[PDB]
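J.: experimental coordinates follow, after the sequence.
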There are 2 protein chains.
Amino acid sequence: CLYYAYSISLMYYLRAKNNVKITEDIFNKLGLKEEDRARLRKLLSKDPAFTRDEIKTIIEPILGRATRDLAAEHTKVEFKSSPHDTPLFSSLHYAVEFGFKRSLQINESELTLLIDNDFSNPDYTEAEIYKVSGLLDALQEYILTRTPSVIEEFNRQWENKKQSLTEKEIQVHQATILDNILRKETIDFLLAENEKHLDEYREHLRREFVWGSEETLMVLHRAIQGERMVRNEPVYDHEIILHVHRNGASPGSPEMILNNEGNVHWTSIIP
Amino acid sequence: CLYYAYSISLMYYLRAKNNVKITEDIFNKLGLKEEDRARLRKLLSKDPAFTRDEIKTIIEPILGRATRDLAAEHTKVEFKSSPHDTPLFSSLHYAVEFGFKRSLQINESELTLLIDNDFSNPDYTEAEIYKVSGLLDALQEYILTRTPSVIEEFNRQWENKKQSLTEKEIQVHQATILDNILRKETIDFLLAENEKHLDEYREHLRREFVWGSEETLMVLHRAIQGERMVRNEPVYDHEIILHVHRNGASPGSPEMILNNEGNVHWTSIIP
Ligand SMILES: [Pt+2]
Ligand SMILES: [Pt+2]
Ligand SMILES: [Pt+2]
Ligand SMILES: [Pt+2]
Ligand SMILES: [Pt+2]
Ligand SMILES: [Pt+2]
Ligand SMILES: [Pt+2]
Ligand SMILES: [Pt+2]
Ligand SMILES: [Pt+2]
Ligand SMILES: [Pt+2]
């Protein structure tokens, strides 16, 4: 139950700092309407311990939605900033590399023998991008109608590369060249049509059935702290030490604490 | 290079999970003094790899020695729990079965013709127990002077089980009776004098010239996870998915990775 627990824990940190500047700045990052910013600041006074009623009627409806949207949207911007580092890349790429292996051999090409991929690796099996509605079907379509050009592009690139000839150090190079090509297929698929599939993923993560992962938590908390990299250098807006606990275990002193119960139950814990 | 690589892999796993108690439990299994537990604790911070200086002045001296010791003592513990299952049994028994063929021939007994053993079988020729200092010498002595009693014991058991006359099924039954006797010889020789030769193997495994086998790897990892069978039921203390890569190849998601380069060089791999 991540965004709820994040929200609750974020309210304890605000009421604890008693600063309208940090409070207002973070309200801004969540883009909250001033009507809602009033309901929350009422809670920031009267310190003791938030009621079940303050949570169900004030914190959950306002900061639940807003933190999920901030996590969603900030997933997108991290991807655009440096896409090969993101989980979404390597998850989607693992699928693109598996579809192309199947479509390459269907197209009677020797390039299939360069992909070792069974689409069963547990690191990728449950990636949320695979549950985006219609996405994988559009991925199959994309892999089919793009495979002739891919083979073309591999042939082109291979012939430029020729120069010993180990007959196993020369399938190194087929593999690497093909991997770079497919890594570009992965990003292009997401960036097509002013980021149609990328926005499709954003909307999926704004859906309420989608469990926030520990992955999305870290995006959220970087968005909340406003962590950036800007020309002049990495700049922050707040430093908020966060600690995750796992099945009660514990790991500077932390200002926000969540307990992660085997990735099923999120609870926040007041420091 | 196994204990070093196991140790490195164990610190990546530790640092990654960030639980004081999982950490402290495993330090307990490794029986480390609080002095050394602290030098490691420093290393499990500022995770956002480890330097060669951290490895060779901190991780290797502390965990290298402790994991070897743990692997060794736990070799002994498994043997005592169920000795015929351990490879130490199967290797020592193959030697004992070969020495007894030689000694029974020397004592001009027809029993030597029931033993099928050239001592050449490669599965057993490289057995670490054979390299234990003095051990095979003590074994010959033991076999030479125990042989009259063994002939004695085979004759006794043979008389008792006589009940017919299949011949094709007479060498069978002599063979089996003798094999059981020799298997008891094998264990006795190790448990004699309060487990003197068994402890001599333990100390051999502790001497740092002894290359960690792949077999010893799995003992250590069962000890680290505190695997046991207890009467309430086989119960664990941790589950730590380990994976071995073999000459770079790959096999749920793994928390420790070692690469085993054809049993000459061990390296760990951050997941
Ligand atoms: Pt939630
Ligand atoms: Pt994390
Ligand atoms: Pt992170
Ligand atoms: Pt973090
Ligand atoms: Pt940067
Ligand atoms: Pt080693
Ligand atoms: Pt192994
Ligand atoms: Pt094993
Ligand atoms: Pt058992
Ligand atoms: Pt294993």
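T.: Yep, it's here. Numbering: from 1, shown residues only, chains lettered A, B, ... in the order given. Ligands and ions are numbered 1, 2, ... in the order given.
J.: dump the residue contacts of the closest residue to residue A:217 other than its chain neighbours.
T.: Closest residue in space to residue A:217, ignoring its immediate chain neighbours: residue A:2 at 6.0 Å, by C-beta to C-beta, 6 or more residues apart in numbering or on different chains. Quick note: C-beta positions are derived from backbone N, CA and C, even for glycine. Counting by C-beta atoms under 8 Å, 6 or more residues apart in numbering or on different chains, residue A:2 touches A:211, A:212, A:213, A:216, A:217, A:258, A:266.
J.: 10 Å - rerun?
T.: A:64, A:67-68, A:71, A:211-214, A:216-217, A:220, A:258, A:260, A:263, A:265-266, A:268 (C-beta atoms under 10 Å, 6 or more residues apart in numbering or on different chains).
J.: tell me which of these fall in strands.
T.: A:258, A:260, A:265, A:266, A:268 (DSSP state E).
J.: show the buried residues in those residues.
T.: A:258, A:260, A:266, A:268 (16 or more other C-beta atoms under 10 Å in any protein chain shown).
J.: which one of these is nearest residue A:46?
T.: residue A:268 (18.9 Å; C-beta to C-beta).
J.: hmm, that closest one is touching residue A:63, no?
T.: No. Counting by C-beta atoms under 10 Å, residue A:63 is not a contact partner of residue A:268; they are 11.5 Å apart.
J.: what sits in contact with each of those two?
T.: Common contacts of residue A:268 and residue A:63, defined by C-beta under 10 Å, 6+ apart, comprise A:4, A:6, A:7, A:8, A:10, A:11.
J.: between those residues, which is nearest ligand 1?
T.: Nearest to ligand 1 out of the shared contacts of residue A:268 and residue A:63 is residue A:4 (C-beta to the ion; 4.4 Å).
J.: A helix includes the closest one, no?
T.: Yes. Checked against DSSP: H, G, I helix; E, B strand; the rest coil, residue A:4 lies within a helix.
J.: got the contact list for it?
T.: Here residue A:4 is in contact with A:55, A:56, A:59, A:60, A:63, A:64, A:67, A:68, A:212, A:266, A:267, A:268 (C-beta under 10 Å, 6+ apart).
J.: again with residue A:26
T.: A:10, A:13, A:14, A:32, A:70, A:224, A:225, A:226, A:237, A:238, A:240.
J.: give me phi/psi at the fourth one?
T.: Right, the one you point to is residue A:32. Backbone torsions for residue A:32, taken as degrees, to the nearest 10, come to phi -80, psi 140.
J.: which parts of the stretch 51-200 of chain A are helices?
T.: A:52-54, A:65-81, A:87-106, A:122-125, A:135-161, A:169-206 (DSSP state H, counting those that start in this stretch).
J.: out of those, nearest to residue B:149?
T.: For the helices of the stretch 51-200 of chain A, the distance to residue B:149 is smallest for helix A:122-125, at 56.7 Å, taking C-beta to C-beta.
J.: which residues sit against the closest one?
T.: Residues outside helix A:122-125 that contact it (C-beta under 10 Å, 6+ apart) are A:87, A:90-95, A:98, A:117, A:119, A:130, B:241, B:252-254, B:271.
J.: give me the buried entries from those.
T.: Buried among these (16+ other C-beta under 10 Å): A:87, A:90, A:91, A:92, A:93, A:94, A:95, A:98, A:117, A:130, B:254.
J.: a markdown table please, covering those and showing distance to residue A:190.
T.: A markdown table is the format used below for the buried ones among the contacts of helix A:122-125 (distance: C-beta to C-beta, whole Å):
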| residue | distance to residue A:190 |
| --- | --- |
| A:87 | 13 |
| A:90 | 13 |
| A:91 | 11 |
| A:92 | 7 |
| A:93 | 10 |
| A:94 | 14 |
| A:95 | 12 |
| A:98 | 16 |
| A:117 | 19 |
| A:130 | 13 |
| B:254 | 28 |
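J.: farthest-apart pair in these, please.
T.: A:92 and B:254 (22.0 Å).
J.: who's in contact with whichever residue of the stretch 151-271 of chain A sits closest to ligand 1?
T.: At 6.2 Å from ligand 1, residue A:212 is the closest residue in the stretch 151-271 of chain A, using C-beta to the ion. Taking C-beta under 10 Å, 6+ apart, we find residue A:212 in contact with A:1-6, A:67-68, A:71-72, A:128, A:205, A:219-220, A:266.
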